[PDB]
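Only one structure is covered here, and it is reproduced in the block below.
Here the Cβ is made from the backbone with ideal geometry for all residues, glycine too, and neighbour counts use every protein chain on show. Any read-out appearing in this document is the output of simple, stated calculations on the displayed coordinates, not a laboratory observation.
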Number of protein chains: 2
Amino acid sequence: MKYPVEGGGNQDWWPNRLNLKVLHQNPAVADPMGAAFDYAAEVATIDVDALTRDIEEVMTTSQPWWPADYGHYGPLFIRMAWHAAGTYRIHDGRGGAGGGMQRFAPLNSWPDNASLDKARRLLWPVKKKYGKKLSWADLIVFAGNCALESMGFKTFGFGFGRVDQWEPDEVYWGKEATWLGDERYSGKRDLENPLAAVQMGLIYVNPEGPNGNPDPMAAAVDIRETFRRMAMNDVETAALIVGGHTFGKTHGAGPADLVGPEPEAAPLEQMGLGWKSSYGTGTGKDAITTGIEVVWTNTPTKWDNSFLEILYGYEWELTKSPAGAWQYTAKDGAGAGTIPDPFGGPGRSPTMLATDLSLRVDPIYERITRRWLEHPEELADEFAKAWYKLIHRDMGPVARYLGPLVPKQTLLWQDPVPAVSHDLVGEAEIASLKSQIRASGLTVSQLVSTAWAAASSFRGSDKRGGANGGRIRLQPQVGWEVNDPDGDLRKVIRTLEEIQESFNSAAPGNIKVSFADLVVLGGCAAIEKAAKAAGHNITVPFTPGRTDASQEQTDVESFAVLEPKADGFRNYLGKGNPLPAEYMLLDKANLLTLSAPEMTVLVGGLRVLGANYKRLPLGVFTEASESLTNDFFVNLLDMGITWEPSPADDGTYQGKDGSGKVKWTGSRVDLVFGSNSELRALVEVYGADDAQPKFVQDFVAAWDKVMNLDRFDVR
Amino acid sequence: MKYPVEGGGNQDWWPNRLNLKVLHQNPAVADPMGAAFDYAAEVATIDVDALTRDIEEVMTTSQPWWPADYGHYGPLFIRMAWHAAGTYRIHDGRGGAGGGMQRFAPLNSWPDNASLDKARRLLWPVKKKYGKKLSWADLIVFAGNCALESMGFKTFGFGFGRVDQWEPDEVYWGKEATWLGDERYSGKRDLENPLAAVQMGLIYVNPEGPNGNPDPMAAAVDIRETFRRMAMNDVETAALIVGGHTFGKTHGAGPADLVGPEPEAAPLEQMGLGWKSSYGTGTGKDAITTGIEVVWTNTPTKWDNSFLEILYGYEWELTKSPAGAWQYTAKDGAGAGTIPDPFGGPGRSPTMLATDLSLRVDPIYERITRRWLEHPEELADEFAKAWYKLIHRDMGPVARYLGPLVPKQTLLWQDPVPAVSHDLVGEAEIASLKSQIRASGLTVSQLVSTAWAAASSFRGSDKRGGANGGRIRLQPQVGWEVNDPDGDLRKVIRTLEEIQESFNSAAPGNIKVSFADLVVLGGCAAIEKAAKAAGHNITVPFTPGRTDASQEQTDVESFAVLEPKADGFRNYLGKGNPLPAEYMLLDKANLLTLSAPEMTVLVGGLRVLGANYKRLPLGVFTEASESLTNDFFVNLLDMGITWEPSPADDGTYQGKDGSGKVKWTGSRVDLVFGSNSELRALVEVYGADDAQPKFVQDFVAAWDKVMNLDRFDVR
Ligand code: HEM
Ligand code: HEM
């Protein structure tokens, strides 16, 4: 239908096709910074106090195009930072403040991010001054932290180092083609995975209650669950909501139909700004943001215990803002004129949202907030800890936290590992340990499967998971179905520990090795052994420095989201995946941050290496096992094989030769590489006659890339 | 509505949004070969005789799964090769066999490319043997050439060098959301630019004549027009149809309703193959491809004059193929039994497509073909020329042609340039000529605008245009309205020619300089002088070797598609553009092979330098013109400036200050950078405090790229 410059593509002719562009997000060519750029280096040199001072100058310097409530943009900036982090979800670890995504589509034009577009525009003079040394990602969330401290709250600390990106993160936010649409519930109130919001374009919940019904008791069930799915428990949730509504006010001064198009749909001349309003001045006094007109506290620019003193201090009755939105006001005209107007007007009466009353009406939130009514210091403590978690949740290993405000305290949710407490294995020790692992009885399959089990639990979205920690032998990973607990895993683990014990006893100097490194090295040792069986002498690069975590450093509930329901690299398909196998493979490869070439060598390599879940013959197109050849590619391209969906319809295929006899069996994941015109192209590369040396080179680079995915401790 | 891995994204929310992904086509990460892969160097090592011998072995080895007509895949490959080359179009330069795009969507699944899927599959054995030394793109068309030569036609030559791409070139193929749909004609017949076919998914025209109506006279008008829009005049067109239809047959044995889904829509087990038919055996003698059943000649695996002897030897009556396709057969039962069956069956009568008859019904075609009836040697000669052109039209400069089979003869369609006659200007002479161009009194705008005019004539689609040839002083480029001929251009030519003489006829020595690189050098000296005005000492790098073409080496009607109806880099926008200015900018930058970073720095760079068409102040956001600064970027992010469309709605905007006076004017092209969320990110990089050296550094790398786009003579 359309020009490519305007969006036309192959997806238009075949709507449901495999979209391989998820394997080339943020390509170097789109990046203006050049290959040598390293943000971490830059921001480590930034003057934090100059930055803070300049932010605090922006916060108190009102701008005519969006005048500042109470002469302070602070509350506006805490909501910005809360919304930027607030998109995070646990199921896949996507969203979050990590990549500065609120500045792009569709997040920059979510209905719930209305007036954040001006909010980030106000911070331009800060970015202007600090340039390369300060990512918008870092600035957006830091501005909120500064807002907090500016207005009287001592934050627990802050980590710099979020890398700014240049095109939007393609995230599934839901199936609704309508803003604020809700097609995400089944059963009683079961919310569709991976989502962590109640409707499309909202951060968590409806400010007017479930589906717009201002029932605080019901709303609490939505707050409990969305926040759960953003890694927040009851105490953190409560802490955050009260902590947050302690500052600022909502905006709904006129009718919402008087508000223009969201930033993405808006006129060129609006310069990236959206929701331009025709009500009065359309800003400041006359500002419509949500359509709700609430000022929770008498001190909207100061941290105190006023929020709870009000919530519990008055009785609440349902009412309508000047835009027709549900909210609560204090009964019997009580508190008449106690709350101040943003722009000097007369005082107002106490107001709360339906969701604020959830904190008072829900049994659990009741016990928590009535406690902080009487003991306000516990609230600061819990908000401090929660806010730090909020804006850092998706920054992964603490190695990534940069700057003078990063505190020393280790947090369980950071999935911490011990510091390196001995000398690391040098070249001679690695070569020693490789030989030992090869002499241990463990097979190529066992070592490669265990190594892959451990490293491929990493996801690039929130940077959780991976081989570091040696968590493969801890719960839950030790009992994951894909890691095949009742399988060989425990034989492999016990063997690697004995070698760990052996080496660490006989070891020279003060060199000691971790189990975590040995798992990975066993993989590297096995890939060398296989390469030689195939007539190649290569060594597989290993990078030491993994440490072993204890069960107590490993939150079992938090690691549950990291369990694969599918792994196409092991020909594993569990139940409950949203899409057919091959779409789950691209997603798994996207999570491991792999290119299409890198995904392709790994599948083919791993199949002939025997990495398949339960050692199934699906996609093992080779006569020689324990041998790193390109056989998978050669055979998938063989036209002597006729492929047919299996008689016992089980998601598998039969490859029959000329005689009629089955030679090969395949999964959908296996066949997709002969079927997808773009994957076949990659298969014709590594399936050529000159191709086997290149296949081994590229497999090893890929495998190494995966083993090192969580290694921010050495980058 | 959908997951990103199923194609879901921001276009779903905002359908007509500027799609910047056109600027990162073929990302390096999706390429499995590696940054250091050099195809030129690979193909240099091939045994072309051994390749040919292997191709010949493929053509004569029938495969069970698609058996060979007359035991020879030659003609199928000729059609494959013809279809590969035959998507090209002059308006765009896009399409062609140059990228081996026929193996990817949407071209692999076009209705007209039916059974070509099988034809390419047949070549795997060759590609498998040769590996990286042979691209699919080269192999597809070379198989065609080999075919011709194996069946007794000596071809003019062949050049290797077509690099395989890894993702489909997304090209605008038409409005139609239906296959074979037609929504591309207005008026009597005027075809929609930039299209060069009469329906969606057709190479040129309907075999059954316009809209299935088998009027040979009318079909000829369509052949003329589509073939013209693919660079073929009447002789070439007639030579090609005749030459091709000397070989093979059409396939329409049974009903099209019994033929399956095309490759992109077909089940995994078919392994990238499509249109599987349930009619009979579904292959060979039962093969259905178009629905037409025509064998043109009596020696379908041999070159002779029998196509024309048959076309003129009989009288043709309208009939229907076994599939209800219009086609012609010899009246009066004549020529019964004379045409052989592809698989041993009995003889059959002569048959011709409606479009074949166009060749004796059309006055011009008729003159041309009736000549070749008695003068076959002139058909041989013209076909060889046309086929060569067909297979090479998108190769660009002759320097790109590789292998032992490239002929010596210069051809006018290759837009040739003289070889380098005498010695090249060295470092002393470069800086000497530099200083001398600055001391010319030609202004920074003049020098820069002229240098851009020349180099930005290039398009990386067919690799035509650019500053080699010094064609800016020749017709039609010196007349191009965007090159603003009624302005400075003549004076700039005069003055650079004057300096050319002065340098060449000054000091005896072996060194000579051309006007071609003097235009580029002058632009380069201007940009050195501009950067000095804003306090940077830089050497803009420059490579010599450009040579001057003559008017006689410049085909004025051929260069007419190379004319910009829009150049956003000069803020020019003519009439007749299909899309608004900002889209035409992204298309332009795509044809210049630019990245979004590169586009961005060049616009703002060229804005302040004075490169604007008619020197308009639109986007010239600077106080100090002819000085190289990041001003454009600083100023587009100034919030003190309010943008509104101009009262005289001329596509222009006004940027007023606090006082309400207009400080700036801009077009769509200018403000898109301050409006689009991804483009604003880039201008926020170049407009920050620390950016000026980086802007300049990047502007010059981007500039040296545009100047060098031509220069396959030196890489
Ligand atoms: C139960 C979940 C939550 C709901 C339903 C909710 C809802 C809202 C609404 C409707 C507004 C008014 C927006 C406007 O019209 O300007 C608002 C403002 C605000 N929110 Fe919340 N919010 C939630 C959680 C939080 C959290 C966790 C924080 C941060 C810790 C937070 C911080 C703020 C701040 C500082 C403002 C004031 C903005 C300004 O003054 O301009 N909220 N919230
Ligand atoms: C207006 C121009 C043309 C029209 C309308 C046209 C139409 C057709 C059609 C309908 C077929 C049969 C496809 C099938 O059912 O298998 C065909 C086949 C063929 N074409 Fe053309 N064609 C044109 C030009 C050409 C050209 C320019 C060449 C190359 C010089 C060419 C070479 C061939 C060959 C070799 C076959 C036989 C394929 C085989 O034996 O499998 N054709 N053409």
Requested in this report: Ignore the peptide's own chain and count Cβ atoms of other chains within 10 Å of each Cβ in B:189-198; give me the average, rounded.
Outcome: 0
Query raised in the report: For the range B:2-36 and the range B:185-237, what is the separation of their Cα centres, given in Å?
Result: 33 Å
Requested in this report: Before anything else, pin down the relative contact order of the range B:295-446: Cα pairs under 8 Å, at least 6 apart, normalised by residue count, whole percent.
Outcome: 15 percent
Report summary line: Counting as exposed only GluC sites (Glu not before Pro) in DSSP loop states with no more than 11 other Cβ atoms inside 10 Å, the longest exposed-site-free span of chain A is A:1-314
**Report entry** the range B:109-114 - phi-based ³J(HN,Hα) in whole Hz, Karplus 6.51/-1.76/1.60, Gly and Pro as x
**Finding:** 10, 5, x, 7, 8, 5
Query raised in the report: Counting only residues 5 or more places away or on other chains, whose amide H sits under 5 Å from the amide H of B:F160 once H atoms are built in the peptide plane?
Result: B:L402, B:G403
Query raised in the report: Put the label 7 Å from Cα along Cα→Cβ for A:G509; what are its distances to the other copies, in nanometres, shortest first?
Result: 6.0
Query - Residues with amide H under 5 Å from that of B:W316, placed H, sequence gap 5 or more - result: B:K331
Query - Between the range A:573-608 and the range B:494-516, the alpha-carbon center distance in angstrom - result: 62 Å
Report task. State, to one decimal in nm and shortest first, how far the label point of B:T60 sits from each corresponding label point in the other identical copies (label point: 7 angstrom along Cα-to-Cβ). Result -> 9.2
Query raised in the report: In whole percent, what relative contact order does chain B give with Cα contacts below 8 Å and a gap of six or more residues?
Result: 12 percent
Query raised in the report: So what J values fall out for the range B:381-389 if you push phi through Karplus, 6.51 cos²θ - 1.76 cosθ + 1.60 with θ = phi - 60°, rounded to Hz, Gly and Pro as x?
Result: 4, 7, 4, 3, 5, 5, 5, 3, 4
**Report entry** Shielding of B:11-24 by partner chains, average beta-carbon count, 10 Å
**Finding:** 6
Query raised in the report: What share of the DSSP beta bridges in chain A is antiparallel, in percent to the nearest 5?
Result: 90 percent
Query raised in the report: Using Cα pairs under 8 angstrom and six or more residues apart, how large is the relative contact order of the range A:566-693, in percent?
Result: 22 percent
Report task. Let me know the charge dipole size of the range A:120-276 about its Cα centre in debye, to the nearest 20, where only the beta-carbon of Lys, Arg (+1) and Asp, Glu (-1) is charged. Result -> 840 debye
Query raised in the report: For chain A, what is the Kirkwood hydrodynamic radius in Å, using each pair of distinct C-alpha atoms?
Result: 27.8 Å
Report summary line: With x for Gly and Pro, the residue-by-residue ³J(HN,Hα) of the range A:187-201, computed from phi through the Karplus equation 6.51 cos²θ - 1.76 cosθ + 1.60 at θ = phi - 60° and given in whole Hz, is x, 4, 9, 8, 8, 4, 6, x, 6, 9, 9, 7, 8, 6, x
Requested in this report: Using just the alpha carbons, could you tell me how many Å³ per residue the convex hull of the range A:632-715 encloses?
Outcome: 125 Å³
Report summary line: Those trypsin sites (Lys or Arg not before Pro) from the range B:149-200 that are DSSP loop and have at most 11 other Cβ neighbours within 10 Å turn out to be B:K154, B:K188
Report summary line: Fewest to most Cβ atoms within 10 Å: A:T290, B:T539, A:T642 sort as B:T539, A:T642, A:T290
Query raised in the report: Can you sort B:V482, A:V714 by how many other beta carbons sit within 10 Å, fewest first?
Result: A:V714, B:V482
Report summary line: FRET efficiency (B:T338, A:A36; Cβ distance; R0 56 Å; to 0.05) is 0.20
Query raised in the report: Taking the Cβ-Cβ separation of B:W413 and B:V478 as r and a Förster radius of 25 Å, what is the calculated FRET efficiency to the nearest 0.05?
Result: 0.75
Requested in this report: Would you mind listing the distances between the B:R715 label point and the same position in each other copy? Use 7 Å along Cα-to-C-beta, nm, one decimal, shortest first.
Outcome: 3.0
Requested in this report: Can you spot the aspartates and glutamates whose alpha carbon is less than 17 Å from B:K661's alpha carbon? Ignore those fewer than 8 places along the same chain.
Outcome: A:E269, B:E623, B:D638, B:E644
Query raised in the report: Taking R0 as 60 Å, what's the FRET efficiency between B:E644 and B:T539 from their Cβ-Cβ distance, rounded to 0.05?
Result: 0.90
Query - Values of log10 I(q)/I(0), in the order q = 0.12, 0.20, 0.22 Å⁻¹, for the range A:566-693 under a Debye, Cα-only, solvent-free model - result: -0.41, -1.22, -1.48
Report summary line: For the rotation taking chain A to chain B, the chain A residue with the nearest C-beta to the axis, plus the distance in whole Å, reads A:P27, 2
Report summary line: Among A:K532/B:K127; A:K127/A:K408; A:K588/B:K133; A:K588/A:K705; A:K175/A:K588, the pairs whose Cα-Cα distance exceeds 24 Å are A:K532/B:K127; A:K127/A:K408; A:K588/B:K133
Report task. Express in nm, to one decimal, how much length is gained between A:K188 and A:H422 on full extension, taking 0.36 nm for each residue of separation and deducting their alpha carbon distance. Result -> 78.9 nm
Query raised in the report: Within 10 Å of each Cβ of A:674-686, how many other protein chain Cβ atoms are there on average?
Result: 6
Query raised in the report: Among the trypsin sites (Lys or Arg not before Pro) within the range B:479-584, which fall in a DSSP loop and have no more than 14 other Cβ atoms within 10 Å of their own Cβ?
Result: B:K575
